[PDB]
Structure formats: structure tokens, C-alpha cells
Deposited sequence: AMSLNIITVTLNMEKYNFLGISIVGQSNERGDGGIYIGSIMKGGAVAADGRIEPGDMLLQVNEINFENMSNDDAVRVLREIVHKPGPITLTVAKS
């Protein structure tokens, strides 16, 4: 059953998300997943996003039908800039 949440991290007290991502989307097949979360990042601090959650959107960028390589580069660009980061995930 679909369980999709949108989480805003203010990135004030944290210098990175602290996630690894695996997989990519065949239309409707696979997806980009949170592989691991490290303590001391913004994602661990919030605690709602877990390994096995599917990454759907970050800020104004959709991650459905994005390659894993492209997803890593987009995330680096966003985390290396100041401001809040809004992640939309599908819970496992």
C-alpha cells in the first residue's frame, strides 16, 4: 500500500543529508532507494526517512526516471548550496 511522505530538513545545524542511494527506474520498474543512512546527518536527525525508502522528489527535481549517476550529482549540487531540502519518499 502507498505510504508517501514529504519531509523538510532546514539544513541549519547539519552539513549533509548522510545517505547512500542504490538502483534506478524501465517505466514503473525499479527506482532510486535509500541504501544506508549515517548518524550525524540531517536525515538521521529527522528520523522519518529509513533505508529501503524510495526517493521520488528533492526540492523541484523529480527522481522517478533519473539514472543513479544523475541522482548523486543532483544531490551533491543541492547539499553544497545553503537552504532547506524537501525530500518526498515512498515508505517500504
- [ ] Pop the missing stretches of the deposited sequence into a list, counting residues from 1 and keeping sequence order.
- [x] 1-2, 28
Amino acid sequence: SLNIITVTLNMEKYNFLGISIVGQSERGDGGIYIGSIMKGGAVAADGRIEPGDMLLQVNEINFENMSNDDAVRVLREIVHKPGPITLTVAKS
From here on, numbers count along this sequence of modelled residues.
Open item on the list: Quick check on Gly28: across the other compared entries (only those modelling residues on both sides), is it unmodelled in a third or more?
Closed with: yes
- [ ] Compare the mean C-alpha B-factor of 64-72 with that of 16-24 as given in the PDB entry, and name the stretch with the higher value.
- [x] 64-72
Task: Segment of higher mean CA temperature factor, 42-50 or 27-35 - done: 27-35
Open item on the list: By the recorded C-alpha temperature factor, relative to the other modelled residues in its chain, which third is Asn3 in?
Closed with: middle
